[PDB]
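Participant: Let me begin by handing over the structure; questions about it come next.
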Amino acid sequence: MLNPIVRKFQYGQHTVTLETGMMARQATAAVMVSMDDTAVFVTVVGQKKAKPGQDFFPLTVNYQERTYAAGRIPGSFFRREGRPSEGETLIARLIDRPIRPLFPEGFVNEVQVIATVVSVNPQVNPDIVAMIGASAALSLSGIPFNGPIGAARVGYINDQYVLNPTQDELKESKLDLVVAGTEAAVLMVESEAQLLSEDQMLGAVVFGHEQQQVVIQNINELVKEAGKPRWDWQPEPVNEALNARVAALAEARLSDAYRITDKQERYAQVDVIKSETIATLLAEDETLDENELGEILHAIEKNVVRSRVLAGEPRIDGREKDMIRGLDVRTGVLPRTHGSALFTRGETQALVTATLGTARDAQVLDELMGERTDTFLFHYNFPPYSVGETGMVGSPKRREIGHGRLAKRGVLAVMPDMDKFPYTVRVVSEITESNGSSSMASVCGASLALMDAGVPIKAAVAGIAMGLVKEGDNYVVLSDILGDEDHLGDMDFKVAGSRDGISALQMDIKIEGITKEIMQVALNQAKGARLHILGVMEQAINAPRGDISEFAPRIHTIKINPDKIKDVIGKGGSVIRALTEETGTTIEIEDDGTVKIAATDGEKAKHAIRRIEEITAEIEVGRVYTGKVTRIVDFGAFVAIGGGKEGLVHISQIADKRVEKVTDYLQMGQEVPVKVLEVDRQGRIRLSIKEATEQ
Amino acid sequence: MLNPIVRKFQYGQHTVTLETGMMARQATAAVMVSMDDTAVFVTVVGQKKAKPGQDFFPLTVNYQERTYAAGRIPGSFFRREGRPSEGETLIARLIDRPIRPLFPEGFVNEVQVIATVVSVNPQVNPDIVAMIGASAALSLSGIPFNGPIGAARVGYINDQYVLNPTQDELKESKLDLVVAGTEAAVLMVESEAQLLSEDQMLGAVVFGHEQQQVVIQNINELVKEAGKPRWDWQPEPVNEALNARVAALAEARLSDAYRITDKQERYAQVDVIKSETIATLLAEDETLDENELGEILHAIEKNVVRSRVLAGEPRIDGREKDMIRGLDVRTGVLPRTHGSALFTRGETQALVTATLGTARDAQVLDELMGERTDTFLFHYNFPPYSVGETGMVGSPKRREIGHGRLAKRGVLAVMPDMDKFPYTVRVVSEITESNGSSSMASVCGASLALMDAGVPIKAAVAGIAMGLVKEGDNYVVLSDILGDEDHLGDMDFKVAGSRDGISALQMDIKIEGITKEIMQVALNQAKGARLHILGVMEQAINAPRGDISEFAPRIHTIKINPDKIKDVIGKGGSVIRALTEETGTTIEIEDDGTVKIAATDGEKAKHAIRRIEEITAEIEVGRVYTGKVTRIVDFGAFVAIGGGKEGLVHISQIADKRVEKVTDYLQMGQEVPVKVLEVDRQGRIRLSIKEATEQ
Amino acid sequence: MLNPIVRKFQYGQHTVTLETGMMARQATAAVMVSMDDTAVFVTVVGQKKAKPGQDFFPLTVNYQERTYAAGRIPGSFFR
Amino acid sequence: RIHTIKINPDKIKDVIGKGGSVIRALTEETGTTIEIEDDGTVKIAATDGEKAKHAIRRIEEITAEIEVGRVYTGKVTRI
RNA sequence: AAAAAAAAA
Ligand SMILES: [Mg+2]
Ligand SMILES: [Mg+2]
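Sequence lines, in order, name chains L, X, D and G. Residue numbers are given in the deposited numbering: position 248 of the first sequence equals residue 248, and the series is strictly consecutive. Residue numbers are given in the deposited numbering: position 479 of the second sequence equals residue 479, and the series is strictly consecutive. Residue numbers are given in the deposited numbering: position 65 of the third sequence equals residue 65, and the series is strictly consecutive. Residue numbers are given in the deposited numbering: position 64 of the fourth sequence equals residue 617, and the series is strictly consecutive.
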């Protein structure tokens, strides 16, 4: 017999029902969380034996949208769900980023959270359900875990926040925000707004957290009822003796080494002191593990840089907390792309390039909620020659598929509606050099490229990453944190928006609790920095160009009869294939008879127009048709005319005189007008050169 | 001028042509076996130096179907043969399962059998040829190999067995089973039957074996003719000292431990026993091998459990040999799938979900034998959390593509005929906890889900996994064998049928010398257990539900006049594209007048069939024919009622005098009755107002 | 701020333009060679310290053609 | 391969039939694709020589021009 | 012989 421990409550409008104990009894824990007929079956399994000699914590969060949830057989050729799509990877990262800071420091047991989507209802997004389920499952399992973390989605409709809006409500909403936080403080935010002020975004965050408190309480109650006993896991007791021994020699020397302005001399000096210290540590006692010394050195460097930045001393870069690194904006750097730009900020650089295409190129996304065509593709490539180290290129890693979406949220607020711009822009952004805040450099470069290719975006956008170092009640916000500073910064949040409002927000706070006031001050400083960046960017190019680049495919429209569109289709599309091959353009066909002629140069456009038009023009009374006899036989020559319908001039209908040889009557290359009296349907169209040959 | 060695023999109606020595000389041995114009080129490469510290036999059998065998450029976009398809993986496992238990114990040199298919007669299936080829290659190579293994594929026609049938015959057979065994015993059987009785299945097995004795003899002849010298390979001699100091010190305590009925006490006891023995044995000598110590301990405990079950003591589970584990059955456990079930037996369970799709979703796979469209998809998912360990979710492994086909073979016997139920059932089963016999739990759950979703299967169908243990003349047969017991069992079966008959008989013996009476007794016990499981399942769901789920797309089939299809549809498919784009349904047509209407909503299909009946409206006597004339001309009254139905109203039938304005006597939009007098060949239709106003 | 070093010459018929120093400063070297409106951006990254106990030279050359070069969104179903 | 045969152009409509039922039935019977032009040239495309032979024979039975000495199978259906 | 335009681219 099976004893399913079910616990259901009320969340917003829907009724979440947590249900454990019945399935996957062999995994460490598994809950089937269902909200309003959308059910996600999350399950956690964490090994007990620490892998001997581990340095990083290996948490993986697979998320699978099984397409039998909506109730459809998959569309792939193998008829089976395969590699996870970009959406599923995005939601996996969205589940991953809240929980990882909650596992206590010094935990290195492999833990894997496989949240599959068994059933979906089109109004309720499964992702929030999966997040709630992941938190509930982790809390039930007894793996060392500090929060039972809720998830909430808030939307802005009629200036009033709505919790967990349905997709139809979401279409009206200005802002879509996901806030996942512990009982104590927010723990992550991943937004996409529509140029809202900072106060509105902050209110949304605080509202979502204050409301998801309920899910948190109820998961705690379930854990208390039917959870497993907590693991007997103790962090490695801090070897204060060795730490103090290394510190007594290293503290002042590394403080002064970091105190000097030049970066590379400090690099070399601290590396040689590191070599000296590890040499002494090994020589004095071989048994001491190398990774322990590495951790000690990491602690020393982190501590010294944090103590420095807290006291107000200039950062490792040498800038004040406000100062943004110098920028250099370049546009049209690529000769033949539809539009390109190169946004270098400090050491972070991005070569962004926007390319227009016709509606046939829009990605057709087949996801659980519904089929959806995308007419704005943003891809973000992070090649390994950026950081400075070799590495195998390949399919995009999760972080690239996450930052692609982040930059796309950054730019989506200002893209034009399809009726105003009937193209499908695709923006790529290769990161030639990275030193921190790469995705926001990509947002700036994408705004630049779009403004250059000729897209009529509303206003340029720019993104500035930020940081925050807090100890006790003393906190200093950091602007444009470097890659090195990112380790030090407690909270990393990225703000990207036009001058008016915030297009996208992506907080990722990690330590203790940050008061609303802290977030407000940080957001205001980010607004200032973003205004400065936008000014500098406006100095280079202030308004999108007049028209698209000459290479860009222009749009030409022609109207044709509905049967004629079938005629131009032909057998499986042979006529259209031949037409595009001979003219070199791209033609789109609709059932209502509109024709979309898309070609770069107007000459190819008019070539397509004339070539198609000859077939489009119906045979009309009085007007002669141009026909060339392709084959001559002794018993008659038929003048092939085209259009699927050929009229034959039988040997008995040419003249009453005995036609002896067609060669002496019709010569190779005889372009003569043919008198067509009518168009018959029986397939024997009457052609007559006799009336045209009398004169 | 190298010279091949060819030996050809009759094997049924087809003739087989083994041939070696000509190609692939550098491989350890290669054999081109061709049966009746179907040729499979099999080659085997066996390394000579075992990798240091190898513990498991790394034999990997590949199998590639080259699409140039049938004479066809590949369909794939790259026009190149891709990764192994499902059929190729299945046939690879087919080749693999017989030849693995045949290599002697302790052999660990890598071996690779690559079987390519270079020419395929669309009648004789290649898999049997490839099995004969792998057998001949391995037995020719001189790699230590017990006996050459022959393959057969018995069919069942007119209650008379038939050897190795052709697809034309196979379309009429009830059963096809691939019995492949060496001369001594039947190594493997893989079956699919239309509810055949056990006795018939066993007769088929023994018949196939008695027949492929020929292939055995003739591969033996070819080996004696043109073979290679057997390798000098000797098994590692067992260490009598280690065996003694483990046995006399621990085996009695281990027997007393396995005497304990509870699982956890026994676990703790065996742990303390092995730890104590390892501790004292290292205390005697540290150089003694820990790995070999644990291996010998495992051998001891295996011998203990085997001696326990043979004597007749209760098994590790505590069940008697006949009795099945516990059972629990739920249906409709998911909210929005078309049908679902959660068949949990003991500690092995599966969450199966059947999802009906329209006839456009059927998988169309291109095989060498010929392009075949598959309208029943079974998919088997074995995620890592099921067995209780973390892992790498990804593409399905070979086990998953083997058990998918096994379960699909088990259910295919009872699924309905396409005339009685036009859909495309796809069944997905996710194992959420597996402890042996997972695929048979999947079969039970699939029958359950099918009966839930509403498909009218002919009868419930369930599967059980038997196990056989034999020593000398004493043999005991187990039921619902666990995963741990699998090491102990020698012969594994997987009988899976309805109460009337068997549907799948996959089996894989290892020991040599099982009389067919043993198999008869085991099959009888399996019939008993399967009747029990079906009795339990009978409580949850009695018969398939009358109506499919409301979410299901609903297919309605109507019959229409085959001649009027060109009158109502017309050329180019204009109106059919119009209806499919206005109603959003999929409509296809046959030459006889059969048309299916597929739409995910009832009312939408009602609208579609309304449109079809209006456009195909006959000349019903007494029904009003409403025509809307908005503008009147001199030549007639143009009224649009669709279907190309236009009539010329003559001026001589309006009034006797010449009309100066038609609007004085004929009203705009007024309803005119139109009686069709006759339907001519040219499509001429006339309108009759005078005779239709009064009648 | 940053300034590139460019040197362009006549090569047969077209005019090649070698340009370095502007982009990809963090790689070991990187030059964007273009030959009459056809640019190719090559970057070399060599490790400073050899792998301990290495026997074969691990040169790996990758050449990727971004479809946006021609001016077309790619054709692959994932675009 | 492609098999080409020339039959009288006027006698096509006898074998094509109303709405092309005869030709489509014959094609699904022989598994090939027959092509006919207004001048009566019969173009048979086939994926095999045997299917080509089957289609060509079925064409000779009915589609061929009426030949003297060719025997017609006449069966009464009702007395 | 009824019908845009390719995970297986
Ligand atoms: Mg950062
Ligand atoms: Mg088993």
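Just so you know, even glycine gets a beta-carbon here, dropped at the ideal spot from N, CA and C.
So that I know if they touch, is there some Cβ in chain G lying closer than 9 Å to that of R681 (chain L)?
Facilitator: Stepping through the first sequence from its first residue, residue 681 (chain L) is reached at position 681. By this cut-off, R681 (chain L) is not an interface position.
Participant: Would you mind reading off the limits of the alpha helix (DSSP H) that contains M35 (chain L)?
Facilitator: Numbered from 1 along the first sequence, position 35 holds the residue referred to as residue 35 (chain L). First-last for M35 (chain L): 29 to 35, but that is the beta strand (DSSP E), not the alpha helix (DSSP H).
Participant: By Cβ distance below 6 Å, which residues in the same chain neighbour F493 (chain X) in space, the five residues on each side in sequence not counted?
Facilitator: If you number the second sequence from 1, residue 493 (chain X) lands on position 493. Closer than 6 Å at the Cβ level, and outside the excluded window around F493 (chain X), lie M466, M507.
Participant: What separation, rounded to the nearest whole angstrom, lies between the Cα atoms of residue 702 (chain X) and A407 (chain L)?
Facilitator: Because chain X spans 1 through 695 in this model, residue 702 (chain X) falls outside it and cannot be assessed.
Participant: Starting from the beta carbon of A39 (chain D), find every residue of chain L whose beta carbon is closer than 7 Å, and list them in chain order.
Facilitator: Here residue 39 (chain D) corresponds to residue number 39 of the third sequence, with the count starting at 1. Ordered by position in chain L, the residues that pass the 7 Å Cβ test against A39 (chain D) are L334, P335.
Participant: So with CB distances below 7 Å, who are the chain L contacts of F551 (chain X)?
Facilitator: Position 551 of the second sequence, counted from the first residue, corresponds to residue 551 (chain X). What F551 (chain X) touches in chain L: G71.
Participant: By alpha-carbon positions, which one of X:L534, X:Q212, X:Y385, X:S652 ends up nearest to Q10 (chain X)?
Facilitator: As a position in the second sequence, residue 10 (chain X) is number 10, starting the count at 1. Of X:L534, X:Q212, X:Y385, X:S652, the residue nearest in Cα terms is X:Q212.
Participant: Using CA atoms only, rank isn't needed, just tell me which of L:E221, L:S307, L:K224, L:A70 is closest to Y475 (chain L).
Facilitator: For this step, residue 475 (chain L) is matched to residue 475 along the first sequence. For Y475 (chain L), the nearest C-alpha among the options comes from L:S307.
Participant: Cβ of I481 (chain X) within 8 Å of any heavy atom in ligand 2?
Facilitator: By 1-based counting over the second sequence, the position of residue 481 (chain X) is 481. Yes.
Participant: Between the Cα of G155 (chain L) and the Cα atoms of L:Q269, L:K174, L:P144, which residue gives the shortest distance?
Facilitator: As a working note, residue 155 (chain L) is residue 155 in the first sequence. The option with the nearest alpha carbon to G155 (chain L) is L:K174.
Participant: For the alpha helix (DSSP H) containing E65 (chain X), name the first residue and the last one.
Facilitator: As a working mapping, residue 65 (chain X) is identified with position 65 in the second sequence. Segment 59 to 65 is the beta strand (DSSP E) holding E65 (chain X); no alpha helix (DSSP H) there.
Participant: Output needed for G622 (chain L): all residues of its chain with C-beta closer than 6 Å, excluding positions within five of it in sequence on either side, in chain order.
Facilitator: As a first step, residue 622 (chain L) must be located in the first sequence, where it is residue number 622. Correct list: empty, nothing qualifies.
Participant: In its own chain, which residues sit with a C-beta less than 6 Å from the C-beta of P101 (chain L), not counting the 5 before and 5 after it?
Facilitator: Along the first sequence, one-based indexing puts residue 101 (chain L) at 101. Cβ within range, chain order: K510.
Participant: What residue ranges within the region 561 to 629 of chain L form continuous alpha helix (DSSP H) runs of no fewer than 4 residues, ordered along the chain?
Facilitator: Correct list: 562 to 569, 574 to 583, 602 to 616.
Participant: Determine whether the Cβ of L377 (chain L) lies closer than 9 Å to any Cβ atom of chain D.
Facilitator: What you label residue 377 (chain L) is simply residue 377 of the first sequence in a count that begins at 1. Taking Cβ atoms only, chain D reaches closer than 9 Å to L377 (chain L), which makes this a yes.
Participant: Mind reading off the beta-carbon distance from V117 (chain X) to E172 (chain X)? Whole number of angstroms is fine, and I expect it under 8 Å.
Facilitator: Residue mapping note: residue 117 (chain X) aligns to position 117 of the second sequence, counting from 1. Residue mapping note: residue 172 (chain X) aligns to position 172 of the second sequence, counting from 1. With 8 Å as the limit, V117 (chain X) and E172 (chain X) do not qualify as a contact, their Cβ atoms being about 26 Å apart.
Participant: Cα separation between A50 (chain D) and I99 (chain L)?
Facilitator: Sequence index remark: in the third sequence, residue 50 (chain D) carries index 50 (1-based). Sequence index remark: in the first sequence, residue 99 (chain L) carries index 99 (1-based). Their backbone Cα atoms lie some 39 Å apart in a straight line.
Participant: Taking only heavy atoms of ligand 1 into account, decide whether any of them is closer than 8 Å to the Cβ of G402 (chain L).
Facilitator: By 1-based counting over the first sequence, the position of residue 402 (chain L) is 402. Answer for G402 (chain L): no, Cβ out of range of ligand 1.
Participant: Using beta carbons (cut-off 9 Å, strictly below), is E646 (chain L) in contact with chain G?
Facilitator: Here residue 646 (chain L) is taken as the residue at index 646 of the first sequence, counted from 1. So, interface residue.
Participant: Can you have a look at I73 (chain X) and say buried or exposed, based on whether 16 or more other CB atoms are within 10 angstroms of its CB?
Facilitator: For the purposes of this step, residue 73 (chain X) is identified with residue 73 of the second sequence, where counting begins at 1. That one is exposed.
Participant: Within its chain, find whatever has a CB closer than 8 Å to the CB of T390 (chain X); leave out the 5 residues flanking it on each side and keep chain order.
Facilitator: By 1-based counting over the second sequence, the position of residue 390 (chain X) is 390. Once the five neighbours on either side are set aside, the close Cβ partners of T390 (chain X) are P384.
Participant: At the 9 Å Cβ level, is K397 (chain X) part of the contact set with chain L, yes or no?
Facilitator: As a working mapping, residue 397 (chain X) is identified with position 397 in the second sequence. No, because no Cβ of chain L sits closer than 9 Å to the Cβ of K397 (chain X).
Participant: Please list the residues of the region 560 to 577 of chain G that have a C-beta atom closer than 8 Å to any C-beta atom in chain X, keeping them in chain order.
Facilitator: Within the region 560 to 577 of chain G, the qualifying residues are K571, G572, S574, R577.
Participant: I'd like to know if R684 (chain L) contacts chain G, where contact means its C-beta is closer than 9 Å to some C-beta of that chain.
Facilitator: Taking the first residue of the first sequence as position 1, residue 684 (chain L) is located at position 684. Yes, because at least one Cβ of chain G sits closer than 9 Å to the Cβ of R684 (chain L).
Participant: Please list, in chain order, all residues of the same chain as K604 (chain G) whose beta carbon is under 8 Å from its beta carbon, the five residues on each side excluded.
Facilitator: Numbered from 1 along the fourth sequence, position 51 holds the residue referred to as residue 604 (chain G). Hits under 8 Å: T583, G584, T585.
Participant: Going by the beta-carbon positions, is the gap between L195 (chain L) and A413 (chain L) smaller than 9 Å?
Facilitator: For the purposes of this step, residue 195 (chain L) is taken as residue 195 along the first sequence, with counting starting at 1. For the purposes of this step, residue 413 (chain L) is taken as residue 413 along the first sequence, with counting starting at 1. Contact: yes.
Participant: Taking a contact to mean a Cβ-Cβ separation below 9 Å, would you say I612 (chain X) touches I560 (chain X) in this structure?
Facilitator: Your numbering for residue 612 (chain X) matches position 612 in the second sequence. Your numbering for residue 560 (chain X) matches position 560 in the second sequence. Yes; because the gap between Cβ atoms is below 9 Å, this pair is in contact.
Participant: Taking 9 Å as the threshold (C-beta atoms), are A462 (chain X) and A504 (chain X) in contact?
Facilitator: Position 504 of the second sequence, counted from the first residue, corresponds to residue 504 (chain X). Position 462 of the second sequence, counted from the first residue, corresponds to residue 462 (chain X). Not closer than 9 Å, so no.
Participant: Say yes only if the C-beta of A465 (chain X) is nearer than 8 Å to one or more non-hydrogen atoms of ligand 2, and no if none qualify.
Facilitator: Translated into the one-based positions of the second sequence, residue 465 (chain X) becomes position 465. Because some heavy atom of ligand 2 lies under 8 Å away, the Cβ of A465 (chain X) counts as near it: yes.
Participant: Closest to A459 (chain L) by C-alpha separation, out of L:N164, L:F343, L:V162, L:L534, would be which residue?
Facilitator: For this step, residue 459 (chain L) is matched to residue 459 along the first sequence. Nearest of L:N164, L:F343, L:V162, L:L534 to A459 (chain L), Cα basis: L:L534.
Participant: May I ask you to report which of helix, strand or coil DSSP gives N218 (chain X)?
Facilitator: Within the second sequence, numbered from 1, the residue matching residue 218 (chain X) stands at position 218. Helix.
Participant: What in chain G is Cβ-close to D591 (chain X), meaning under 8 Å?
Facilitator: Residue numbering aside, residue 591 (chain X) sits at position 591 when the second sequence is read from its first letter. By Cβ distance, chain G contributes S574, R577, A578.
Participant: Closest Cβ-Cβ distance between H338 (chain X) and chain L: below 9 Å?
Facilitator: Translated into positions along the second sequence, residue 338 (chain X) becomes position 338. By this cut-off, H338 (chain X) is an interface position.
Participant: In the structure shown, what three-state DSSP assignment does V42 (chain D) receive?
Facilitator: Here residue 42 (chain D) is taken as the residue at index 42 of the third sequence, counted from 1. Reduced to three states, the DSSP call for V42 (chain D) is strand.
Participant: Quick one: which residues of the region 112 to 124 of chain L get their C-beta closer than 8 Å to a C-beta of chain D? List them in chain order.
Facilitator: Within the region 112 to 124 of chain L, no residue qualifies.
Participant: Quick one: using the 10 Å Cβ neighbour count with 16 as the cut-off for buried, is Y63 (chain L) buried or exposed?
Facilitator: Counting from one through the first sequence, the residue named residue 63 (chain L) turns up at place 63. With 16 or more other Cβ atoms within 10 Å, it is buried.
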